[PDB]
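See below for the structure under consideration.
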Protein chains: 4
Amino acid sequence: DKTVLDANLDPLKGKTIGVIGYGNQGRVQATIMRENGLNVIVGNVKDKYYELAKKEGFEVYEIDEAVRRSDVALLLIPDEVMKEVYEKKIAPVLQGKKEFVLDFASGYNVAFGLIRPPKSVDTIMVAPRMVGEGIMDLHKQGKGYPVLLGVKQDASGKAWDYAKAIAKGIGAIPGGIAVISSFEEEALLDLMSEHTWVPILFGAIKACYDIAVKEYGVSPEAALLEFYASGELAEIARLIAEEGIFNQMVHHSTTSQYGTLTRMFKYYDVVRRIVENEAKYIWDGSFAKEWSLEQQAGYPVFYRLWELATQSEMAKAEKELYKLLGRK
Amino acid sequence: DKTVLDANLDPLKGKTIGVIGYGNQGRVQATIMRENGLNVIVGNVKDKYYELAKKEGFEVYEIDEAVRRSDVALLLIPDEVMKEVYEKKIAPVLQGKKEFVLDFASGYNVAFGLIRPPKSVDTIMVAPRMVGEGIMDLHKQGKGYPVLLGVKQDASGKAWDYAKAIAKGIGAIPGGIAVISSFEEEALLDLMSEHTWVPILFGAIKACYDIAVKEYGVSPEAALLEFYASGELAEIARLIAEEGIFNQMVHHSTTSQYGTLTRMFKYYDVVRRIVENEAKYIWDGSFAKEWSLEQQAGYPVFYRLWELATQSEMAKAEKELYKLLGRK
Amino acid sequence: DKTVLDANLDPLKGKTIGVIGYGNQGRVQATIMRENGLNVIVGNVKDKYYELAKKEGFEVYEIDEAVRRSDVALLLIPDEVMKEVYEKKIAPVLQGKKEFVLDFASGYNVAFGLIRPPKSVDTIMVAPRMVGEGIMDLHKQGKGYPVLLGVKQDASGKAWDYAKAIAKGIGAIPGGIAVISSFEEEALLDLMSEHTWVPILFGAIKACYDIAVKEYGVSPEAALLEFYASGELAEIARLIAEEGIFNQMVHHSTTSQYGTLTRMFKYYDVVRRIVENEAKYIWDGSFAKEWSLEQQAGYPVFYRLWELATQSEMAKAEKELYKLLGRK
Amino acid sequence: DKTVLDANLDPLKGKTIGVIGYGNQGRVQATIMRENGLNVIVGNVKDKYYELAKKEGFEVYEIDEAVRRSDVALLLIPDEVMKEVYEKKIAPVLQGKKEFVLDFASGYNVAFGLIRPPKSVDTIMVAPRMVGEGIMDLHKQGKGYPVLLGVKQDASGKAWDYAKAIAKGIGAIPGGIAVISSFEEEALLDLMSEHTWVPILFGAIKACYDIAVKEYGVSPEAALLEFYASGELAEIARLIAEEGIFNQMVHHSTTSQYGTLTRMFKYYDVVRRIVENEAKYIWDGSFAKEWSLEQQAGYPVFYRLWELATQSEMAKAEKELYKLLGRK
Ligand SMILES: [Mg+2]
Ligand SMILES: [Mg+2]
Ligand SMILES: [Mg+2]
Ligand SMILES: [Mg+2]
Ligand SMILES: [Mg+2]
Ligand SMILES: [Mg+2]
Ligand SMILES: [Mg+2]
Ligand SMILES: [Mg+2]
């Protein structure tokens, strides 16, 4: 019901479009939406990406200049620097506009109020769910891919139309799909993954290694081979994305199935509590405060943790081992 | 003992006075103290208030220029911007002075050390306990009103005299009274109210609504009417300010008296613990740190909480209802 | 919605109506419904009110005599004496009736079974949500006001019609509204207010005073001025009833908003537990037992608590102060 | 300080005095104050005491009649029946008085509001601290005894004088002393003894017996002889009232002193908690409610406890023993 499969592409025809940043995402979106017959430009500072974009056939300007010539803009840059760029270069140029559009690929800076555009602007979001390299690898096959849509400020009653038009312009549909959501329901999701199961998985692996080594006389080389130094995990991820998460286990032994199911239903509430706590810590905006303040301080905890992680015994053992199998 | 009812007004005669800001407070204080025969000026940036003040018959200058011409100054601006104003415009002009006076209406920025004037300056405080509109509504009747006094730095042995003179000049006494206190005993009080019983009251009301609706099948319209959508509370506030807090209940039914008294003496320690915790959190200066850091981050929690509060079910129901009774 | 805005007034025309008690409500409800052209009488014992009632143009009889002449009755007396009056004077006269109506303004004595009329009677409830003095202060403007409706026993299939007719007859609609509810959903609400947030507020204020005085060396006069001796609370109640509870804070400083919101969302569960406990204690009928038993004992706890509250330090300080400001 | 040793006796001369009840107290107070030259009468119902009083030379009337003839009255009857007597016979006769006095020997019924005389009456209290026989046994020697004084309602500015006059009239001073206090400070004291150390002592004795018998094979006769069947406790009480509580132990062995002191300082907080709880339960009026409600039910708990206590194993054994030593 809340799903979309295709839509029109007329509202973007005759209008000019400007892309900010020429990294992976921006490069991909621009290279694609140029094929569908759209006047496109690029805004960026004079660096490597500037030369690359000018080589690939794109007329380039400065950001403030690119926004002047454009009726629509894509702010495809990291969430850690977008704030200053918007405050210094964009907002001034933008106060003197009449009817404009502003698209994002992440709702972090907007959902939490770090960027508050005027009311004369249509604020939208188009969030892909892919790495960026495989995207192009799928467009050559004529395939699409999934995205999320959202609207924060509607001043023309045409926002959703613009969002679906953009979605079509970048090769996401038809072939893939597009879901309608909010700026909050995207940041919340992107952050819950980085906070709940990735670190839990890593800590579980590390603890298994430490226990096996310091309580049962196991050697490091075998622990690493069993846990992650082999490619058993990539196979599982593949079978999951292809056949399903539970149907994947049918290709394993009965003993593994029994143990996995029992221990999954046994430890479900514990992780549920953690997920509740973290989702609550996010929904309120505390994590954004924490991260911004650590930025303003000089990334000391970042530094110390990056150190403690690399100087761990497991990391040294993995270094010695990878050197033995030819892996750089 | 610690109370005052009237005092002299001579030390301010012959001296020039400058008022910073022409908002709610400054406007009133200036308009009044001009009637009592005092050379008064105004300092502010060119905006609406500047036009209003130059209209009402006040000679205006730039802030830095007003302090040069003045021997006394009233810093009547919000506590959230006073710091930069003082650091940039006032302090430079102030190092090259001989004998000066500086008055505040709040001790937040001084009690916690965010503003540390020199030792060649007399630092005082005169804090009213009124809204600002009712003040003028009382001066026309020849009435006064209550204020708090305080001194942080005395370089002339005359501070208290200056403070009482100011109090008299703004029509607080005679007719009202004036209490002597500290910059700390004013911020502490102004904050304990905003941290202990206001939020507790609001949360209790919200919880009553939620419980009544989701556990006893009550309709929202009736809950809102009983709790706050009727002016029952304003009557209680009036009778409290007029006759007293306990003597107010004599006009209620015996059942209400019994229940209220029992449940008040039953839940006294719980709230006492909360009040202790918050007063301790304030006395040390942690809240100032918290608030300043949230300012430096971009008000993310402010934003998210303002959202969560308005998007609550009770707020939507109140919106639907107020629309039905004609209340805009 | 269940809401009602206007209805007919025919079923009461030709019938006679009798009002019991001539206090605030009775004096109010009777005059209005007389203005709308209804044969009305009054029942009361020979006392002060009797003289006033016979003065204002109402033909008076004894209570038992008023019900003989009446086809409808309004039992507008305190809930603490209604029981004996009903048991001695009304019920006997009422066993020998054919088709009757009985209206209440409170569902306390009926919701809990302290009054169980026969099955040959229509039992209803019309509960206003106003003080009683301001009611006429709105009827003079041609305005209405809100009420709650309920039915306990229907013997004519016309109960709701009679209830809406009454609502119209007393000037509640049109201009106000009328909600349909039960005798339980009215007593529960009237009691939850007197048990949850009023006493909590009072205890919080008292605790703030005690702490500030006995742990930070503050003077009583300043504490009283900050907390409630000033009319800050009345303005809050006004803006709440007018603009809304949350939209009210927009007129306060950002610091106050931040602190209030944080501490409200921080202490929400604590008060929720209390509200749950009290609502449960009420829904079962325990409080009715408690209150009916304290009467038979002689109101000892009532007495001792009324004493302890007035002999408190805060009360003595407030007495000394109010005497200093002219407040009687 | 708060002590008194003697005072005048004039205000009671020329006035008539009436005594209610001729039991232990009344028979004494009246008998004495007749010797000091005071017109005295008695009010009581026709029984045993009425015959005794008319025999001893006192003119007797009915209660209601005695108050008509008296300007002062002593309500010396049990606290369990005074309420009805006052409500039926006294209060009516008392509304039509001009200047009257009412004296009590206990503040239970007044401190808790079970008796609320008018404002045209002086309400006082004179509480002895003796059994009633020893009072005469000392008066025969020209000695006094101690009492407590209190005033609840003063309408002539002469109450304290009347109280001291009464004290002198009954032979309490000179020879003894008189303390000034309140009705509350007398009820609280009279009740704390009956709730804290008497029952604790009894329970400790019972537990010692039970333990010694059911865990160490001791015989009942020896346990009873050691604990209380011997009059050692009476000698302890005597030496306490005479020499002091601690100085009493000097006549015991060092081992006893050491053990007693150690275990007293070891178990002090435990009993302190109990005393706090009970004093709080009293100060609020809960015990009055409890006791007034057990009467209306029919004294069931009283009955069952009186049974359980007498049918205990300790009470039976005591029976055989007391029968063996000649003690009836
Ligand atoms: Mg991410
Ligand atoms: Mg992700
Ligand atoms: Mg404030
Ligand atoms: Mg305040
Ligand atoms: Mg009520
Ligand atoms: Mg209410
Ligand atoms: Mg006793
Ligand atoms: Mg005793």
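So basically every Cβ, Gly included, is an ideal-geometry build from the backbone, and we count neighbours across all protein chains shown. Numbers and lists here come from the model and the stated rules, or from a named source; no laboratory instrument gave them.
Side notes on the structure shown:
- Test for A:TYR281: is it in contact with a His (Cβ under 9 Å, 6 or more places away or on another chain), in a helix (DSSP H, G or I), free of Cβ contacts under 8 Å to residues at least 12 places away in the same chain and hydroxyl-bearing (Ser, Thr, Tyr): yes
- Within segment D:111-127, one or more residues are under 23 Å from D:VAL151 (Cα atoms), assigned by CATH to the domain that holds D:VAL147 and assigned to a helix (DSSP H, G or I).
Residue-wise test of (1) of a type in the set (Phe, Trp, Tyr); (2) more than 16 Å from ligand 5 (Cβ to nearest atom); (3) farther than 30 Å from B:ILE180 by Cα.
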| site | (1), (2), (3) |
| --- | --- |
| C:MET192 | no, no, yes |
| C:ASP210 | no, yes, no |
| C:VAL213 | no, yes, no |
| C:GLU221 | no, yes, no |
| C:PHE227 | yes, yes, no |
| C:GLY231 | no, yes, no |
| C:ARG238 | no, yes, yes |
| C:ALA241 | no, yes, yes |
| C:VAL250 | no, yes, yes |
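- Boolean, D:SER182 is among the hydroxyl-bearing types (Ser, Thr, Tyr) and surrounded by 15 or more Cβ atoms within 10 Å (Cβ to Cβ): yes
- Among the criteria (1) more than 10 Å from chain C (Cβ to nearest Cβ); (2) under 30 Å from B:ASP10 (Cβ atoms), the one B:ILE180 does not fulfil is (1).
- D:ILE77 in contact (Cβ under 8 Å) with a residue 60 or more places away in the chain and either among the hydrophobic types (A, V, I, L, M, F, W, C) or within 18 Å of D:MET33 (Cβ to Cβ) (or both): no
- Filtering segment C:296-317 to residues that are loosely packed, with under 13 Cβ neighbours inside 10 Å and facing another protein chain (nearest Cβ under 8 Å) leaves only C:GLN296.
- Qualifying positions in segment B:230-250 - touching a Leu at 6+ places or on another chain (Cβ under 7 Å) and more than 7 Å from chain C (Cβ to nearest Cβ): B:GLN248
- Every residue from segment A:191-234 that is among the acidic types (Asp, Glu) and closer than 14 Å to A:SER312 by Cβ: A:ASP210
- Any hit, segment A:72-94, residues being out of contact with any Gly (no Cβ under 6 Å at 6 or more places or on another chain), within 16 Å of ligand 2 (Cβ to nearest atom) and either among the small types (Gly, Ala, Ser) or more than 14 Å from chain B (Cβ to nearest Cβ) (or both): yes
- Single match in D:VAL218, D:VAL131, D:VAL110 (criterion: in contact (Cβ under 8 Å) with a residue 24 or more places away in the chain and among the hydrophobic types (A, V, I, L, M, F, W, C)): D:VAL110
Conditions tested, residue by residue: (1) at the interface with another protein chain (Cβ under 9 Å from one of its Cβ atoms); (2) surrounded by fewer than 16 Cβ atoms within 10 Å (Cβ to Cβ).
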residue	(1), (2)
C:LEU224	no, no
C:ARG263	yes, no
C:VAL271	yes, no
C:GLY285	no, yes
C:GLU294	yes, no
C:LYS319	yes, yes
C:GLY326	no, yes
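- When residues of segment B:96-149 are limited to those that are among the aliphatic types (A, V, I, L, M) and more than 14 Å from chain C (Cβ to nearest Cβ), the one farthest from ligand 6 (Cβ to nearest atom): B:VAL121
- Residue in segment D:174-225 that is nearest to ligand 3 (Cβ to nearest atom), counting only those that are of a type in the set (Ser, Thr, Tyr) and more than 20 Å from the chain's Cα centre (by Cα): D:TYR209
- Test: residue in segment B:2-17 that is in a strand (DSSP E or B) and of a type in the set (S, T, N, Q): yes
- You will find that of C:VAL101, C:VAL151, C:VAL93, the residue that is in a strand (DSSP E or B) and either in contact with an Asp or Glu (Cβ under 6 Å, 6 or more places away or on another chain) or on the phi > 0 side of the Ramachandran plot (or both) is C:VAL101 and no other.
- Condition check for A:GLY171: under 22 Å from the mean Cα position of the chain (by Cα) and more than 16 Å from ligand 4 (Cβ to nearest atom): yes
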